[PDB]
Amino acid sequence: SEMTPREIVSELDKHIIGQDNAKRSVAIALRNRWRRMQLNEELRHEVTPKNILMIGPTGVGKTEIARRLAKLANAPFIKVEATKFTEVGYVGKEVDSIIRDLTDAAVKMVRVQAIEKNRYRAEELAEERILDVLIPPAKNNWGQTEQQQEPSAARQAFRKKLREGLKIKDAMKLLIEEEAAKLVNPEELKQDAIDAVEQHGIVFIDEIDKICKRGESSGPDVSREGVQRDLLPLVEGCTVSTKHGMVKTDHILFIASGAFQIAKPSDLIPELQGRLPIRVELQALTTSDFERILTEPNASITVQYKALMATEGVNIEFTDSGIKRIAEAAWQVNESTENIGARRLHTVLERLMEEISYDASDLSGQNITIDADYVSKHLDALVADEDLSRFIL
Amino acid sequence: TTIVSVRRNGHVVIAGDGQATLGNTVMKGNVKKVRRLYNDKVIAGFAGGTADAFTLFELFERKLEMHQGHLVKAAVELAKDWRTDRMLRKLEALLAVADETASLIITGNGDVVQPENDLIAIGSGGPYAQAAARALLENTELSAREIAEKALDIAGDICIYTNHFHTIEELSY
């Protein structure tokens, strides 16, 4: 009973501005996992994940999309840097670690997910334990079978006087971390995460393009291509040995990501190209994109900042122009200096608010309003001065 | 020395002389400047170290190995290693290799050149060879082997560093 591609793209729109094709692309991958389960034993085997290769510049959404996709599917997700493994020509690390690290996080998941899908009940039963110490009220039998049956009476009033009111509280917590455990089955819990990894696992491989070629030198290309080679099994379907069991990569979804300015997807080794059936480009963001990113995402950094200041009893308000002026700032620095995509909004925005963020606790009760003026007052100088930019923004 | 490759119709050849010189004296007169490589699929010639070639032809044949057999690619991949590695970079020699597809020249300067009409003429006599190989290919119906050979003898006549000992290889397709 999964959502349709359009529905998936929609949820995604709630967090990422633009980059529609990449959404649709990552959307079809998800939907297909549903589509697979909907088949006959035979086909369920032959149908493999339609892995994706994202091509685009820095900080324009690649990872976020992968991360939000995984969240939407509640799938264990892991991000890994391809070049990491080229270091193996010294010591480095082995690629199987990706599936292992994936499993660890896939466990940390099932756990915290479970400990939570239980903490409530474990708290009620906890009461019946404490409430039991104060009074075993009722029991089998003890009084009337109807009117005199129900023991609650006193117990109830006792209960309330407790919830709202050794150490009952101290004791309960010890009972919470005693009843919750006695309710969790660590065996099915361990196999829990494994099913996840195998059925929904998502591996994001950044820098895949930094592992290609160029007649640069014999030694470096060999190591580079080595990581691709060592990546085949994970992508073609294999078995990895995990601290919590053995996992079949066969259905893990893979989203490889590359800028590909120096090297091209065609330079990738053949057995990998064939395992990256979907290719998608992501566009560089525009100042407009920045403005939207600043405020549209339903948990945008601007919405985030608002909340934090509210925590201090300070009402922050951003002006449209202020927002535009901020976006402009970030863009200018990216062009005047080094282009780092939307990441720059965070630095700029954050520098813009330093003074308020510090004084907030004292401004308690005021109505601060970040407007075009305020922005220019705080950023222009920095922006203008390039050298300063490289250190401060 | 003088190596001359010609390609006409379904034939392409590489002919070379056999003189090896030292100072002003002839060291050897029957040096084998041409040979077959990659399961006789590739024919090559060398101007220079009778061993440096050995090392080179093999590595080249190592390129054609896991590169399907794309003559051009494996050729540029060789000059690449050639101009880099201190080992390879050390040896000097002119390489002339052909094949069904196309013939070209490889040098230490990591250079991969393909003359006009796949006509190659390296070595101290290359110019003479070419001038004659031209006059023929231009005004004659003679085969790739007849021109390469006749052009090679003409060179030997003019070049003090080339003799009339031939070593020819051919490729038909």
# chains A, B, ... in the order shown; residues from 1 in each chain; ligands from 1
>>> interface_residues(of="chain A", to="chain B", cutoff="12 Å", atoms="only C-alpha atoms", output="VMD selection string")
chain A and resid 214 to 219
>>> residues_around(residues="range 2-16 of chain A", least_positions_apart="6", cutoff="10 Å", atoms="only C-alpha atoms", output="PyMOL selection string")
chain A and resi 22-35+60-62+64-66+68-69+72-73+292-293+296-300
>>> write_last_selection(atoms="N, CA and C atoms", output="PDB file, in the first residue's frame")
ATOM      1  N   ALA A  22      15.338  14.610 -10.846  1.00  0.00           N
ATOM      2  CA  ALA A  22      15.979  13.754  -9.860  1.00  0.00           C
ATOM      3  C   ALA A  22      14.927  13.149  -8.910  1.00  0.00           C
ATOM      4  N   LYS A  23      13.871  13.911  -8.644  1.00  0.00           N
ATOM      5  CA  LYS A  23      12.805  13.423  -7.786  1.00  0.00           C
ATOM      6  C   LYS A  23      12.100  12.288  -8.499  1.00  0.00           C
ATOM      7  N   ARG A  24      11.574  12.574  -9.679  1.00  0.00           N
ATOM      8  CA  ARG A  24      10.866  11.564 -10.448  1.00  0.00           C
ATOM      9  C   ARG A  24      11.715  10.312 -10.520  1.00  0.00           C
ATOM     10  N   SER A  25      12.998  10.490 -10.810  1.00  0.00           N
ATOM     11  CA  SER A  25      13.914   9.360 -10.920  1.00  0.00           C
ATOM     12  C   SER A  25      13.999   8.522  -9.647  1.00  0.00           C
ATOM     13  N   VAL A  26      14.253   9.188  -8.536  1.00  0.00           N
ATOM     14  CA  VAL A  26      14.372   8.499  -7.278  1.00  0.00           C
ATOM     15  C   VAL A  26      13.005   7.967  -6.869  1.00  0.00           C
ATOM     16  N   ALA A  27      11.963   8.588  -7.414  1.00  0.00           N
ATOM     17  CA  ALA A  27      10.586   8.208  -7.115  1.00  0.00           C
ATOM     18  C   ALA A  27      10.235   6.877  -7.747  1.00  0.00           C
ATOM     19  N   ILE A  28      10.653   6.688  -8.993  1.00  0.00           N
ATOM     20  CA  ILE A  28      10.391   5.457  -9.711  1.00  0.00           C
ATOM     21  C   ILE A  28      11.115   4.298  -9.055  1.00  0.00           C
ATOM     22  N   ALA A  29      12.303   4.551  -8.531  1.00  0.00           N
ATOM     23  CA  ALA A  29      13.045   3.492  -7.865  1.00  0.00           C
ATOM     24  C   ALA A  29      12.196   2.952  -6.708  1.00  0.00           C
ATOM     25  N   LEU A  30      11.733   3.849  -5.848  1.00  0.00           N
ATOM     26  CA  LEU A  30      10.911   3.442  -4.720  1.00  0.00           C
ATOM     27  C   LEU A  30       9.674   2.655  -5.155  1.00  0.00           C
ATOM     28  N   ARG A  31       8.874   3.259  -6.024  1.00  0.00           N
ATOM     29  CA  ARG A  31       7.646   2.628  -6.498  1.00  0.00           C
ATOM     30  C   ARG A  31       7.911   1.219  -7.006  1.00  0.00           C
ATOM     31  N   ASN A  32       9.024   1.046  -7.711  1.00  0.00           N
ATOM     32  CA  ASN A  32       9.368  -0.263  -8.234  1.00  0.00           C
ATOM     33  C   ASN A  32       9.562  -1.286  -7.149  1.00  0.00           C
ATOM     34  N   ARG A  33      10.048  -0.885  -5.977  1.00  0.00           N
ATOM     35  CA  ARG A  33      10.222  -1.876  -4.919  1.00  0.00           C
ATOM     36  C   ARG A  33       8.857  -2.426  -4.528  1.00  0.00           C
ATOM     37  N   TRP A  34       7.849  -1.569  -4.583  1.00  0.00           N
ATOM     38  CA  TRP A  34       6.497  -2.015  -4.301  1.00  0.00           C
ATOM     39  C   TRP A  34       6.145  -2.969  -5.452  1.00  0.00           C
ATOM     40  N   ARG A  35       6.262  -2.444  -6.669  1.00  0.00           N
ATOM     41  CA  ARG A  35       5.963  -3.192  -7.875  1.00  0.00           C
ATOM     42  C   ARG A  35       6.554  -4.605  -7.869  1.00  0.00           C
ATOM     43  N   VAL A  60      23.241  21.039  -4.409  1.00  0.00           N
ATOM     44  CA  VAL A  60      22.072  21.480  -5.173  1.00  0.00           C
ATOM     45  C   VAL A  60      20.957  20.485  -4.984  1.00  0.00           C
ATOM     46  N   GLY A  61      21.117  19.615  -3.986  1.00  0.00           N
ATOM     47  CA  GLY A  61      20.098  18.631  -3.649  1.00  0.00           C
ATOM     48  C   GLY A  61      20.347  17.128  -3.719  1.00  0.00           C
ATOM     49  N   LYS A  62      21.415  16.697  -4.391  1.00  0.00           N
ATOM     50  CA  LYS A  62      21.669  15.271  -4.555  1.00  0.00           C
ATOM     51  C   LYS A  62      21.462  14.468  -3.265  1.00  0.00           C
ATOM     52  N   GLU A  64      20.331  15.389  -0.194  1.00  0.00           N
ATOM     53  CA  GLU A  64      19.035  15.643   0.442  1.00  0.00           C
ATOM     54  C   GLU A  64      17.926  14.796  -0.125  1.00  0.00           C
ATOM     55  N   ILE A  65      17.889  14.717  -1.447  1.00  0.00           N
ATOM     56  CA  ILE A  65      16.884  13.910  -2.100  1.00  0.00           C
ATOM     57  C   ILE A  65      17.015  12.456  -1.646  1.00  0.00           C
ATOM     58  N   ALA A  66      18.240  11.933  -1.647  1.00  0.00           N
ATOM     59  CA  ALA A  66      18.467  10.548  -1.246  1.00  0.00           C
ATOM     60  C   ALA A  66      18.016  10.342   0.196  1.00  0.00           C
ATOM     61  N   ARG A  68      15.890  12.244   2.048  1.00  0.00           N
ATOM     62  CA  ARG A  68      14.447  12.395   2.209  1.00  0.00           C
ATOM     63  C   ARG A  68      13.716  11.189   1.631  1.00  0.00           C
ATOM     64  N   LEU A  69      14.250  10.623   0.556  1.00  0.00           N
ATOM     65  CA  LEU A  69      13.641   9.455  -0.057  1.00  0.00           C
ATOM     66  C   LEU A  69      13.661   8.337   1.001  1.00  0.00           C
ATOM     67  N   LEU A  72      11.218   8.919   3.785  1.00  0.00           N
ATOM     68  CA  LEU A  72       9.872   8.685   3.304  1.00  0.00           C
ATOM     69  C   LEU A  72       9.545   7.201   3.304  1.00  0.00           C
ATOM     70  N   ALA A  73      10.529   6.383   2.957  1.00  0.00           N
ATOM     71  CA  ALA A  73      10.329   4.945   2.915  1.00  0.00           C
ATOM     72  C   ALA A  73      10.675   4.320   4.259  1.00  0.00           C
ATOM     73  N   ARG A 292      13.648  30.642  -2.222  1.00  0.00           N
ATOM     74  CA  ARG A 292      12.686  29.599  -1.905  1.00  0.00           C
ATOM     75  C   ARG A 292      13.249  28.638  -0.860  1.00  0.00           C
ATOM     76  N   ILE A 293      14.518  28.259  -1.013  1.00  0.00           N
ATOM     77  CA  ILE A 293      15.126  27.341  -0.071  1.00  0.00           C
ATOM     78  C   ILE A 293      15.167  27.975   1.305  1.00  0.00           C
ATOM     79  N   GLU A 296      10.625  28.243   1.896  1.00  0.00           N
ATOM     80  CA  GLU A 296       9.632  27.243   1.507  1.00  0.00           C
ATOM     81  C   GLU A 296       9.659  25.876   2.174  1.00  0.00           C
ATOM     82  N   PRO A 297      10.820  25.215   2.218  1.00  0.00           N
ATOM     83  CA  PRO A 297      10.862  23.889   2.853  1.00  0.00           C
ATOM     84  C   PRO A 297      10.126  23.943   4.177  1.00  0.00           C
ATOM     85  N   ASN A 298       9.270  22.968   4.448  1.00  0.00           N
ATOM     86  CA  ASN A 298       8.472  23.036   5.667  1.00  0.00           C
ATOM     87  C   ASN A 298       9.220  22.971   7.000  1.00  0.00           C
ATOM     88  N   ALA A 299      10.533  23.069   6.931  1.00  0.00           N
ATOM     89  CA  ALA A 299      11.345  23.093   8.132  1.00  0.00           C
ATOM     90  C   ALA A 299      12.579  23.862   7.708  1.00  0.00           C
ATOM     91  N   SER A 300      12.361  24.826   6.819  1.00  0.00           N
ATOM     92  CA  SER A 300      13.420  25.660   6.287  1.00  0.00           C
ATOM     93  C   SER A 300      14.267  26.246   7.417  1.00  0.00           C
TER      94      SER A 300
END
>>> residues_around(residues="range 319-323 of chain A", least_positions_apart="6", cutoff="10 Å", atoms="only C-alpha atoms", output="ChimeraX atom specification")
/A:290-292,294-295,302,329,349,369-376
>>> closest_residue(among="B:19, B:120, B:52, B:29", to="residue 144 in chain B", atoms="only C-alpha atoms")
B:120
>>> residues_around(residues="residue 46 in chain A", least_positions_apart="2", cutoff="12 Å", atoms="only C-alpha atoms", output="list in words")
residues 36, 37, 39, 40, 41, 42, 43, 44, 48, 49, 50, 236, 237, 250 and 251 of chain A
>>> write_last_selection(atoms="C-alpha atoms", output="mmCIF file, in the first residue's frame")
data_model
loop_
_atom_site.group_PDB
_atom_site.id
_atom_site.type_symbol
_atom_site.label_atom_id
_atom_site.label_comp_id
_atom_site.auth_asym_id
_atom_site.auth_seq_id
_atom_site.Cartn_x
_atom_site.Cartn_y
_atom_site.Cartn_z
ATOM 1 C CA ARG A 36 8.413 -6.040 -7.272
ATOM 2 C CA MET A 37 6.642 -7.412 -4.201
ATOM 3 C CA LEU A 39 4.915 -10.328 -8.583
ATOM 4 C CA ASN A 40 5.317 -14.111 -8.805
ATOM 5 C CA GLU A 41 8.149 -15.900 -7.023
ATOM 6 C CA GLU A 42 10.001 -16.290 -10.308
ATOM 7 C CA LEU A 43 10.070 -12.653 -11.358
ATOM 8 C CA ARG A 44 10.667 -11.415 -7.802
ATOM 9 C CA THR A 48 16.750 -6.015 -9.516
ATOM 10 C CA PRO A 49 16.866 -2.476 -8.183
ATOM 11 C CA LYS A 50 16.999 0.210 -10.826
ATOM 12 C CA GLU A 236 25.534 -7.053 -8.932
ATOM 13 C CA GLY A 237 24.289 -8.939 -5.874
ATOM 14 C CA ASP A 250 20.880 -7.998 -3.995
ATOM 15 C CA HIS A 251 18.036 -5.557 -3.347
#
>>> atom_distance(atom1="CA of residue 259 in chain A", atom2="CA of residue 57 in chain A")
5.0 Å
>>> select_by_dssp(residues="range 237-378 of chain A", states="alpha helix (DSSP H)", output="number ranges by chain")
A: 270-273, 287-295, 301-311, 320-336, 343-359, 372-378
>>> residues_around(residues="range 119-130 of chain A", least_positions_apart="6", cutoff="7 Å", atoms="only C-alpha atoms", output="JSON, numbers by chain")
{"A": [172, 175, 176, 179, 180]}
>>> residues_around(residues="residue 111 in chain A", least_positions_apart="5", cutoff="9 Å", atoms="only C-alpha atoms", output="PyMOL selection string")
chain A and resi 106+116+189-190+193
>>> write_last_selection(atoms="C-alpha atoms", output="PDB file, in the first residue's frame")
ATOM      1  CA  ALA A 106      19.915  -0.220  10.291  1.00  0.00           C
ATOM      2  CA  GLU A 116       9.922   3.843  21.147  1.00  0.00           C
ATOM      3  CA  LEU A 189      15.178  -7.377  16.779  1.00  0.00           C
ATOM      4  CA  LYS A 190      18.540  -8.391  15.281  1.00  0.00           C
ATOM      5  CA  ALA A 193      17.274  -4.725  10.821  1.00  0.00           C
TER       6      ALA A 193
END
>>> select_by_dssp(residues="chain B", states="strand (DSSP E or B)", output="PyMOL selection string")
chain B and resi 3-8+11-16+20-22+25-28+34-37+42-48+93-98+104-107+111-113+120-122+167-172
>>> residues_around(residues="residue 39 in chain B", least_positions_apart="6", cutoff="12 Å", atoms="only C-alpha atoms", output="PyMOL selection string")
chain B and resi 58+61-62+64-65+69+99
>>> closest_residue(among="B:67, B:164, B:6, B:134", to="residue 114 in chain B", atoms="only C-alpha atoms")
B:6
